[PDB]
């Protein structure tokens, strides 16, 4: 009956805190984690947790997300444990994952409460957006160390943009993020460009700064000429959904309509 849970991502760690659940290990991260986990040991960075550190804690459940399912497969092989890859690529996906965690770990009531609140904020933002006469066309960039990608509707930020009343200029939908060259950025006409950082936010922002100066295409974008290029903070605007989606939805709506 006793659970020993290791969340391997920051979003999963924050979700377990909302569900009032103790954990035996936590991800290594520069982000703020819940205070109740201050004394639990770190088991490595979310994209490459330490197999032997995790095994040392004798867990019953080691938890990851769907966004990096394929690349986490070797980890789980060496661990020799069941892969859990909760859907955190949308509001609806994360709501389903919260219910599942409530069911697995005896926190049904806590899960319902969190879900009702997120649902209520989402519906309210959706209702406001629907009353707006105009909707901005949006291009979403996800910058990682070394390069940038383009976020689709299948990604969390794509879902937020949709909820808040934007129209993604990128229409392909079969993966969360695609090469900056996959859809070609000379066929689109965004009112707004969003730039989200990942992994090494400092390296990423300077990378975005150099790109927009150096690559000749950007100066020709009306979003650039009109100063509607926005750098979003990685918290709450992360590479997956998180329980602060209430703040993300509200903030993005307020950015779009101001």
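Positions refer to the first chain, counted from 1.
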- Task: With reference to the PDB entry, specify whether the mean Cα temperature factor is higher for 22 to 30 or for 202 to 210.
- Result: 202 to 210
- What stretch has the higher average Cα B-factor here, 75 to 83 or 161 to 169? 75 to 83
- Message: Ranking the modelled residues of this chain by C-alpha B-factor as given in the entry, is residue 183 in the lowest, middle or highest third?
- Response: highest
- Message: Ranking every modelled residue in this chain by its Cα temperature factor as given in the entry, which third contains residue 196?
- Response: lowest
